[PDB]
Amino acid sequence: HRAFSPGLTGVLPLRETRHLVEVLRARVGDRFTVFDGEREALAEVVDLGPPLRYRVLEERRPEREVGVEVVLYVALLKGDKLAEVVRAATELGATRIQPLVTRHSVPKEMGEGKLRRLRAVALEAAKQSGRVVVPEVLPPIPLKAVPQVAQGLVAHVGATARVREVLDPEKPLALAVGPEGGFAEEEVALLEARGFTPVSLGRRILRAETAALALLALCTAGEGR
């Protein structure tokens, strides 16, 4: 259990106390995690209060990973937009980025130099986002080469389901995003066959980069992970 405690003073705020002593039931001696954004640490229940008291046993570095694999299958884009996507996707917790060649993608391949550069962007973004895990960026693959997945999401204009209504937070995650031209219906068809669930991204037309980041943000940062 992670309980918010301003400054890790040893005493837990009123709300926090009720939340774990009544709703989660917490006895004395039980160990739990304390945090206030600035810090995090293991602590022990000393007094059940209220307000509940505790003692700091050990400070520790906050975990930064989402918790499950988050693979982003994203089509090759125009300009240097793929570099920005890789940077934000890394901040958003992706663990793997798989560029794709698709019917409407303009580029149909990617040199070694470009790939190396994208890997440098990921390395840098990982550091700045506090991650120790650097997302893997791979050589492009054709769309029909995308694998069968346990859980996948693809934004589609016809979809009505929201990401929060289909997402299983303990299952690995695969997200598919098409190029500026979008995925062709036959492609969306193959994606669904592969296990990708179509979801809604709203009423407006989004740039491919934005759709990619919004889908990701809905699954990671938005879920508080």
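Residue indices: 1-based, along the sequence shown.
Greater mean Cα temperature factor according to the PDB record, 71-79 or 145-153:
Per the deposited B-factors, the answer is 145-153.
170-178 set against 32-40, stretch whose average Cα temperature factor tops the other in the entry:
Per the PDB entry, the higher value belongs to 32-40.
Record-listed C-alpha B factor of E192: chain third:
It belongs to the middle third of the chain when residues are ordered by C-alpha B-factor.
Can you tell me which third, lowest, middle or highest, the CA B-factor of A221 falls into for its chain?
Its C-alpha B-factor belongs to the middle third of this chain's values.
Test of reading the entry: by CA B factor among the chain's modelled residues, which third contains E63?
Ranked within chain, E63 CA B lands in the highest tercile.
When the modelled residues of the chain are sorted by Cα temperature factor, does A184 land in the lowest, middle or highest third?
For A184, whose C-alpha B-factor we compare with every modelled residue in the chain, the answer is the middle third.
Split the chain's modelled residues into thirds by Cα B-factor; is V45 in the lowest, middle or highest one?
For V45, the deposited C-alpha B-factor lands in the highest third.
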